[PDB]
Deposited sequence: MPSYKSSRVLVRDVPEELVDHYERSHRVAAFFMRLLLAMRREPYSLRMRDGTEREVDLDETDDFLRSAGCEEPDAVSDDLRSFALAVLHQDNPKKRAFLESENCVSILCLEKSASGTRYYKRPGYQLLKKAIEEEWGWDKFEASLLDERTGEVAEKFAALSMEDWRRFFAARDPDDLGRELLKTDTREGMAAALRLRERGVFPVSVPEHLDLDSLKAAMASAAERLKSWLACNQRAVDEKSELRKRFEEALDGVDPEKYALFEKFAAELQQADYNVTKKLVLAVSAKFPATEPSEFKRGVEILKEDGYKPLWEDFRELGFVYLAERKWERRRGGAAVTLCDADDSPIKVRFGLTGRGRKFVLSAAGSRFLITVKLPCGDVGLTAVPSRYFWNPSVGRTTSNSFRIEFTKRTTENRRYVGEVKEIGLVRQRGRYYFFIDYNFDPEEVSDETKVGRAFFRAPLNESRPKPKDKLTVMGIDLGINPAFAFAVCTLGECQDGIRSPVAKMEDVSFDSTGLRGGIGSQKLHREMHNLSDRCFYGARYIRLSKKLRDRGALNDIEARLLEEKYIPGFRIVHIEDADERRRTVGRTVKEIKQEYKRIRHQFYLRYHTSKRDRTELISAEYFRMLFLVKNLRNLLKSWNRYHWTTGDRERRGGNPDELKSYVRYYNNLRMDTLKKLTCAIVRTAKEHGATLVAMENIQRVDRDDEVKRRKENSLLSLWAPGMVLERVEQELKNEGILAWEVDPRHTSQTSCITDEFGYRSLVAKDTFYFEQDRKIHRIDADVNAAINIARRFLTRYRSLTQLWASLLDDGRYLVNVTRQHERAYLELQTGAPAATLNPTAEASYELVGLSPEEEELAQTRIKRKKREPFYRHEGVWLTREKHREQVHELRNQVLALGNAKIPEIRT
């Protein structure tokens, strides 16, 4: 399934819900401990502080004694088998408990008929009642039945709770056990600590379901706010939620499949009404505030099978056979940078209208009609200011370490002395004084000036959204990455200056780190949204993206795979299929003649090539986008660089590793 989540806030939570939350957490922790003890194996427990304790077998045995297991050793085998079955450690086919929570009825409640029912077994064929297929029962349930026959399986839970809530507690605790056990299983493969639930330290989602996993809830919508009604055993509690711009103007109607169909509005630029289905809700507490996690299923946009066959045809190497798309697909190719956010080129199969002609494998040529650059310079002055301040912070950190060395040592090395005067002093823009006492005073004055300039820059980067120039603000721009670099450099400089007096801090630059992470996440989301919007506006169904997996680069800001994966996921959710293309020599090869050209370094936005013995120039980013699209459509028909080695008599032997090289080589 496909999930999307958000959170809503509830302000005046009654005492009954707080009691339910605390009791659910307590019984969940008890369930963690009980299952781990039934496993009968020592394990490491980590508390809030961080210290690790090795829980001995005696603690396990006495906890089982407290639960009701007077002789755990006598029933050690069956207890171990049941505990392993609950943790999904048996073979996935013919599982004792398809869902872990389903084990509560035979574990906690008295007078339970679980384990003696054959109604859902597939052997029940009607076209008898006495066909008792209890011989093929699972070991997990068979051990469970045996222990109840011993009269010791129904444990004394720390607090009385309804069967439905116990199911949610089992769900959370067993999912935590399954998450932990796999990590521990990997630990012994190399040749893992345990964290328990807490009300506020390590909270769990107290879940309310509509089919048995937790108490039922009735979610409605009034005005512009949700209304959650939890059916607690004590009574019905009605909760109102603070209105959210995520679920703006919501309308909800109960369906016939125990689900709520929510229709709302997410953004503000458009009035598009997203539709989702809610079947389970989650309650959490953080910073003394109670939140509800609305995790709703949604239907991704339908993708035509012809798009799939076209992607399969185009992604395959030339030395292969795949069916032709045979339809009028749309292929949009982009490259990712930081001075421009990205550049795109759009083409349609089977059309040529006064555009950059590109061959298509086993088809006619195509002309790129729409070519453009999205995201870049918003205001030149602001970008220049961020660049200057980032360089100033960089050279300030260098100068501060050099000054700290100079004050104590009293002398400088030949390399450092030349480096300081030639590079660091002009970069930090601070006059140099020999007296070390007030040298730190001048340094502090310069740092204060830097902080004031940074505050002014940030205030401008905030006022971009709150002036009459609100409409001219682009969706994304190069100022995001520059501001991220400036934040990193300023954090670095402040961290160096704060320890100038050295010849820790539990909190240090937490505001700066939080701002850096939030700005990074927002920049990623805005870039993904801009790419998706550009792809959708042109009607493109195939997207060829430069594979950036192979300073002033995106790699210094994000993981190489993270951006790519996010874009793939969003494009697929919007019913667009995307492929990553090898970006080698894309920025250095002309898209007109497929020849090496000149990429200017004084102005990195201009690419020079030769056509008909007359030097032409073009934009170096649309050139890369068109090269990516041409490479995708031609199925790597032409290579630029060949890896080879010399054996003898000046005759180089071509090295063949990738399949693309093999296909091209046999075509010549």
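Novice: Which runs of the deposited chain sequence never show up in the coordinates?
Specialist: Since the structure holds only modelled residues, the stretches it omits are 1, 129 to 176, 241 to 334, 647 to 654, 702 to 712, 831 to 908.
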